[PDB]
Structure formats: structure tokens, C-alpha cells
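Visitor: just the structure for this:
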Amino acid sequence: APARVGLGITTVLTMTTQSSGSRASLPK
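Guide: Numbering: from 1, shown residues only. Sharing the structure here:
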């Protein structure tokens, strides 16, 4: 699998937390 893509999407997902609690859309 594409490491750059995985890292990138993971980074983006990490950054776009929205909930403001370290995790993204994982409020649990």
C-alpha cells in the first residue's frame, strides 16, 4: 500500500479532529 497516501490521510484525519480532543471523529 502507498505509505505516503496512508501517512497523508492519517495526518489529515488527525488534524481534522473537530471534536477538539486529540482524536478526530472518535468522541469515545
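Visitor: switch to C-alpha atoms for all contacts and neighbour counts from now on
Guide: Noted.
Visitor: once you drop chain neighbours, what's closest to residue 17?
Guide: Spatial nearest neighbour of residue 17, chain neighbours left out: residue 24 (3.4 Å); criterion: Cα to Cα, 6 or more residues apart in numbering.
Visitor: contact partners for that neighbour?
Guide: With contact set as Cα atoms under 8 Å, 6 or more residues apart in numbering, residue 24 has these partners: 13-18.
Visitor: now with 10 Å?
Guide: Applying Cα atoms under 10 Å, 6 or more residues apart in numbering to residue 24 gives the contacts 12-18.
Visitor: then residue 13?
Guide: So residue 13 contacts 7, 23-25 (Cα under 10 Å, 6+ apart).
Visitor: coming back round to it: kindly provide the distance from the residue nearest to residue 17 to residue 14.
Guide: Going from residue 24 to residue 14 by Cα to Cα, to the nearest Å gives 6 Å.
Visitor: again with residue 26
Guide: Counting by Cα to Cα, the gap from residue 26 to residue 14 is 10 Å.
Visitor: quick one, helices of the protein?
Guide: 3-15 (DSSP state H).
Visitor: my read: residue 23 touches residue 14, true?
Guide: Yes: applying Cα atoms under 10 Å, one finds residue 23 in contact with residue 14, separated by 6.6 Å.
Visitor: what is in contact with the two at once?
Guide: In contact with both residue 23 and residue 14: no residue, using Cα under 10 Å, 6+ apart.
Visitor: the contacts of residue 24: which two are farthest apart?
Guide: Maximum pairwise distance in the contacts of residue 24, criterion Cα to Cα, is 11.6 Å, between 12 and 18.
Visitor: follow-up on the earlier one: would you mind checking which of the contacts of residue 24 is nearest to residue 2?
Guide: residue 12 (15.3 Å).
Visitor: I'd guessed residue 16 sits against residue 26; true?
Guide: No: under the criterion of Cα under 10 Å, residue 16 makes no contact with residue 26, lying 11.3 Å away.
Visitor: give me the spatial nearest neighbour of residue 23, chain neighbours excluded.
Guide: residue 17 (5.7 Å).
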